[PDB]
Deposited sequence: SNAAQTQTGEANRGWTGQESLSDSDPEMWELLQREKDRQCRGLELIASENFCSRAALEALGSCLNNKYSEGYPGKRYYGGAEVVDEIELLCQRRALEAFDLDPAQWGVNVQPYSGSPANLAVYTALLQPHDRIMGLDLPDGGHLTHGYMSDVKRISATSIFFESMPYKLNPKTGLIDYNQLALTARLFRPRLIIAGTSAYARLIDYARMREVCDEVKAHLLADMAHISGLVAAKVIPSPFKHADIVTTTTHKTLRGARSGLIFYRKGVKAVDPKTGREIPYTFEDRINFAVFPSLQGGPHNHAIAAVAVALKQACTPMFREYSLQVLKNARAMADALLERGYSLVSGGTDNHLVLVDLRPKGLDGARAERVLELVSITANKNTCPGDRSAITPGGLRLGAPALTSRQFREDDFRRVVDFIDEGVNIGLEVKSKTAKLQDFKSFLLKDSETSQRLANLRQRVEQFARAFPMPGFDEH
């Protein structure tokens, strides 16, 4: 045995699965706002001999020898991360070891808070992320709500915007040690200056979790959270278009000096993680260099234009939008004026090769049948979609919604609806016709990555 045989020769079962996934990505319309298509160059670094190296510790301060090259790679990744976000290295440092976005946030909390210290994030049904402290009325769900004490803040349900007035009021009472400014399903720009005002008043750290928007920030097409935040976390995928990994940025130097750096680095290792994934660090460095280019700014400008074109086309077809529009990469569609809930809509769309996700709307009464859908522009913009192409996407979505409305008129519960899509031959024929047109359209656009896997 050599371990030099190709995947296609040595594991045909897995090779066929990879090819099937690649074909699915190429023939569908990917509208999941957290999805993107990573470059071949980054993937070549991800599947490299860097996987083999144990390098616990930090550059120049490792537990094991033989780290001279991985030290250069980790330091290069740090420099490229600061450059991508236009950060003065005298004022900011970065930890490039977090395994993903969720590990990055957990490390921040572990670094800066004692167990049971208080955090506030946007509530999950209102557009926040699990790792911002989510628990339900009946059990603690995120580990952030088990090891720490969380209390959510809310949207103003009338406007769909974060209710900064109520956040200021409740933060004075709850006294959080850390407030998280960052979202998973929010179409507007966060008022980071207002968030900093609240944090300064109550003496909380401001963490900006920019995972969804990090590429837009790097491209300077929206305002930067780094102007106001103490700590910034992000994934390296999503709008940054890298391999899956995480980053923690922190202020350093004179504020009396900042005291984040040593605590953040210690929390990542030795407290929480083990050996870094050097292949991921290298792939991230490749993507961060791409994020510095004029090409990436044009891409990010096009993401904003495409989201806006999608929002406009939906308003023209009788849909509503939570918060009335978008200033970023995604759109929050309110399907309630159409009479079809988001659980039914997402499934019809899935069966015609359009991937979107159901989304809770302000005023919804049931989590099983939420009122809306979340639609994103990053992934298809990476396939060279322009505004006219996103208008064609909306035309396909509206066709799918119309099929759903007819199935709704012939079915009762969500389970009946779902089985009908598969069991009713007439419905099945209509979905197949729409799927063929969607896939013929989608296949005509280029795709980042390898050719077949």
(message) What are the C-alpha gaps when you align the coordinates back onto the deposited sequence?
(response) 1-14, 270-278
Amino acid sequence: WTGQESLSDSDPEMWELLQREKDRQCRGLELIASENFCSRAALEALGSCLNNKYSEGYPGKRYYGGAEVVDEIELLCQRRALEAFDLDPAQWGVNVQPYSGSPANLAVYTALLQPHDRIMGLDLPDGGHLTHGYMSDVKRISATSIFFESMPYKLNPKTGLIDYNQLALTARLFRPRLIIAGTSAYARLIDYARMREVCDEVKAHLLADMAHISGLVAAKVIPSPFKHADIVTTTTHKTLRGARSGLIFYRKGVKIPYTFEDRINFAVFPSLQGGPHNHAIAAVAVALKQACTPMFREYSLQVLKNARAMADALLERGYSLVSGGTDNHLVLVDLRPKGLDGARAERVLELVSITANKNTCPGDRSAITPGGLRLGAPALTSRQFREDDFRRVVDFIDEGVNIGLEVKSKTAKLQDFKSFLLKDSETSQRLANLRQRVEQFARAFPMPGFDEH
From here on, numbers count along this sequence of modelled residues.
(request) May I ask you to compare 195-203 and 170-178 by their mean CA B factor in the entry and name the higher one? (result) 195-203
(request) Please work out which of 94-102 and 342-350 has the higher mean CA B-factor as recorded in the PDB entry. (result) 342-350
(message) Comparing recorded Cα B-factors across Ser428, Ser39, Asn52, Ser55, which one is largest?
(response) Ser428
(message) Splitting the chain's C-alpha B-factors into thirds, which one does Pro152 fall into?
(response) lowest
(request) Pull the Cα B-factor of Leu46 out of the PDB entry and bin it into the chain's lowest, middle or highest third. (result) lowest
(request) Within this chain's modelled residues, let me know which third the CA B factor of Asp123 belongs to: lowest, middle or highest. (result) lowest
(request) Consider only the C-alpha atoms of the modelled residues in this chain, order them by B-factor as the entry records it, and name the third containing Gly325: lowest, middle or highest. (result) middle
(request) For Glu83, return the chain-relative third of its C-alpha B-factor as stated in the PDB record: lowest, middle or highest. (result) middle
